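What follows is a single chain, given as structure tokens, in the form deposited in one PDB entry.
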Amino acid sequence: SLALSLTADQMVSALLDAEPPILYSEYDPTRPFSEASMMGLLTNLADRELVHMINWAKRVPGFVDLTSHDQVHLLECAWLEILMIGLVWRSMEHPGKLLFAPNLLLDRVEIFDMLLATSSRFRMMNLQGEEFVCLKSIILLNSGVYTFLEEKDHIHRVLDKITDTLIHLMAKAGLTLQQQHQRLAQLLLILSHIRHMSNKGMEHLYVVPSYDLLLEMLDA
């Protein structure tokens, strides 16, 4: 694959260029807050974000090398985790609040608390945008990989490239070899907590995009 020959810098450049825009909530600010339904607003936002997520996924190196079926499977497994890491990233510089959108910024519940905790953890780590995009791409490629042979092999190789990229970013930033491996581990372990939150979030919803919806979106 062409993707496997990308350097660290090229991988970061591709990922930064692929980033979705930050969307706004769809509601008239001239109106009182009480008119709105929180769940309604969040659903409308998420649905609009999903279209952009598909476009983003198609630009993650290696992703289009996969079958349409496997692309859908990865997206089905990752979509809420991807929405959540986006949320936490946007909320980093807003302690005690979740920036669902620039016009939908909420203070303090169980999952909300978990997301806030993740956000504060990213803030304490001084998580950089270049690291963020690597991590969100890992979520895409990893979350569904163990629930599907050449397809899996390819995915694992792209994942290894992403690891290389994360280390490269850290070496470039001035971190010692010991600091690099420690920060690599810290970042990746936070992914287990993102999985946790996603599963808890799913259990709350039960709005969820179907295999078929995702397939149609990818085809279109």
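Just so we're on the same page, rigid core means the largest C-alpha set that superposes within 1.5 Å between forms. In case it trips you up, residue 1 is the first one in the sequence shown, and so on.
Just so you know, the form deposited in another entry exists too; it's not on screen, but the next bit is about it.
- Among the candidates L191, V64, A36, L175, the CA atom that moves 2 angstroms or more between this form and the one not shown after core superposition belongs to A36 alone.
- Relative to this form, in the other entry the C-alpha atoms of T30 and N44 approach one another by 3 angstroms or more.
- Note: the CA-CA distance for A36 and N103 expands in the other entry relative to this form, by 3 angstroms or more.
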